[PDB]
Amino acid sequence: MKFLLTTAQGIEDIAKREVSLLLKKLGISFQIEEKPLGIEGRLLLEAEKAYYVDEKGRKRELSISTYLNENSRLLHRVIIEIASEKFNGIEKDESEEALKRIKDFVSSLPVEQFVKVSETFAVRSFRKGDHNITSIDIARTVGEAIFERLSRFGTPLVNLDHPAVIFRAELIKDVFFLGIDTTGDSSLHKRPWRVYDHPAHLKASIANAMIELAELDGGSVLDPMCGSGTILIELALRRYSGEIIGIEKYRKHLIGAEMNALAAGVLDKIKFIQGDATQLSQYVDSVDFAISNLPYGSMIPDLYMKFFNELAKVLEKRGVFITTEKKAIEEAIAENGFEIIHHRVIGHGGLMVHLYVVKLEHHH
């Protein structure tokens, strides 16, 4: 089996590590390629089927897709792959031509091997790049192709609302992909605990990526501009052994973090404090780690300067931060005796953000 695993742009290596350890725990053999065909936010999983002997003394199969869906914090979707292929030139093709290429390719795929005769299906599409065709066109044409093909075998059953099987068709630049979406219509980063929806909230897979990159060890963790509390809640939910502190300036957001925390089951695990991060040291004396998604906004260059000056008074190990304001954070880091020990660019729902791992320069 081969699977297409999606996550956020620029965290594919962190996902791959996560999925590797989970799979080593089944005892199966597998390989993971990052960014198949050059496409960001994807891994290609090639695995053995996972077989055990059941209560009747027979070989039975365990679902790799369901195991990943229930146990991953970093993935968005787990898709069973039917095919994926480079349609060279397709961006430049006229619309009639592009859809011809897609239909012909789809007609030739053994899709009847991936659905029963009684199961209803629908087609969901996603498209990224510059084409003379839309996601809607793609969904129709693929949906046509699948239907014509299944009906050589029986009576296909369509259900657009509550299908039983979802074929997902994606076209990103000139790369076309078809598979079976096991995760469903709600992507995996959607958290049921999220009752309060902060307008700049962090996606939960990217929050788990920040946590990974901190390389936590049980020391105290502080989010000193914690907003609705995503990073601390995802930490508490990993059953983190260490102390968890959040600070937030505005009482409405802070109360929102408290609600999400209660809704998650983890309120007693996080200390939540109303405060200004520009005055951090009135609130705490020493913390091992700081992890934050900083405000993006001209008063920013000053807010950052002052926060990093106070952080410098309290931080024992590593800070992990994200922001859009490259020049503002890098000046504050430099001016304040910080050292950047990792940088990477991350896609955050259509916004390229920066992530910085820092430590004090004079720590050795």
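Counting begins at 1, following the sequence as shown.
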| property | result |
| --- | --- |
| Residues of the deposited sequence left unbuilt between residue 298 and residue 297 | 4 to 9 |
| Residue range whose averaged C-alpha B-factor is higher in the record, 174-182 or 133-141 | 133-141 |
| Selected stretch [higher average CA B-factor]: 153-161 or 188-196 | 153-161 |
| Residue with highest C-alpha B-factor in the PDB entry, from 103, 239, 168, 73 | 103 |
| Candidate residues 205, 107, 220, 118, the one whose C-alpha B factor the record puts highest | 118 |
| Assigned third (lowest, middle, highest) for the C-alpha B factor of residue 77 | lowest |
| Within-chain third of residue 348 by Cα B-factor, per the entry | highest |
| Cα B factor band for residue 37 (lowest, middle or highest third within the chain) | middle |
| Residue 89 by Cα B-factor - lowest, middle or highest third of the modelled chain | highest |
| Position of residue 258 among the chain's modelled residues by C-alpha B-factor, lowest, middle or highest third | lowest |
